[PDB]
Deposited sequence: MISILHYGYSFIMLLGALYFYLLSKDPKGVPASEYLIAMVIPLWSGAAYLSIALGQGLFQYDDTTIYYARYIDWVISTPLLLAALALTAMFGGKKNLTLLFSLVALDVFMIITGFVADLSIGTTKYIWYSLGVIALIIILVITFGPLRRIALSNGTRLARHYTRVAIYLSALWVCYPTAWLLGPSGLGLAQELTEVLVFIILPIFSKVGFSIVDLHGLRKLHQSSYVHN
């Protein structure tokens, strides 16, 4: 079951990538950079999840290490997408964007180190990752939202919608991680696998459908 769920996920990622590629050819005022980011996220994730489907991107708790290889690239790119949405039609703040990238890469590395750790040490690393996530959300709903508001009512309305979308999904990851085999071990592996199949379909493909459709409608 675990193998065919990962093959299915990789196929959905490939269809999302092809959809974003088709949109890119009639871009309706959205810069090519947004289409490139929207394609890299699912292709990279698709490849990492294909490695799990093939029996390769895990070692035996089972550590699904290919998830961290995925997220360490896909998650900073998602925050770049969200930052570029806030900045659409205005000056870029690349400092703020790279602040999110740095927090996010740190967050994913702490999760990988937490997974390889035992006891108190595990929850130290996990806590540092959660703190990085809180700072990401403070930026999202604070200074980054203020840039979105500076770019007019329609853009700020779209940004708010994708900020809530992204944030609601993002808080689910560390919650599932803590409940599952990597943390307290209350949730079963098969549950956790389905959560880390379904959540990222929404976080990667769903998010960029919502984001690119909104930005395109501003044309």
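No alpha-carbon coordinates exist for the deposited sequence positions 61-63, 223-229, given here in order along the chain.
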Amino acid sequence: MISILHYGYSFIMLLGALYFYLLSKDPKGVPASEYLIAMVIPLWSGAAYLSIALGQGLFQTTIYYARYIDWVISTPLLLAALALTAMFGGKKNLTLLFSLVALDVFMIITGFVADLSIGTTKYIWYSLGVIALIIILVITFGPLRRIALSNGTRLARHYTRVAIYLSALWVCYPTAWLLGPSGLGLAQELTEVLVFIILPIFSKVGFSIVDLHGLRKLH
From here on, numbers count along this sequence of modelled residues.
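Note on 50-58 vs 37-45: mean CA B-factor is higher in 50-58. Remark: stretch with higher mean C-alpha B factor among 164-172 and 149-157 is 149-157. Per the deposited record, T120 carries the highest C-alpha B-factor of all listed residues (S127, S99, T120, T75). Per-chain ranking of the deposited C-alpha B factor places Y64 in the highest third. Remark: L116 belongs to the highest third of its chain, ranked by C-alpha B-factor as recorded. When the modelled residues of the chain are ordered by C-alpha B-factor, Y19 sits in the highest third. For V195, the recorded CA temperature factor ranks within the middle third of the chain's modelled residues. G142: CA B factor in the lowest third of modelled residues in this chain (values from the PDB entry).
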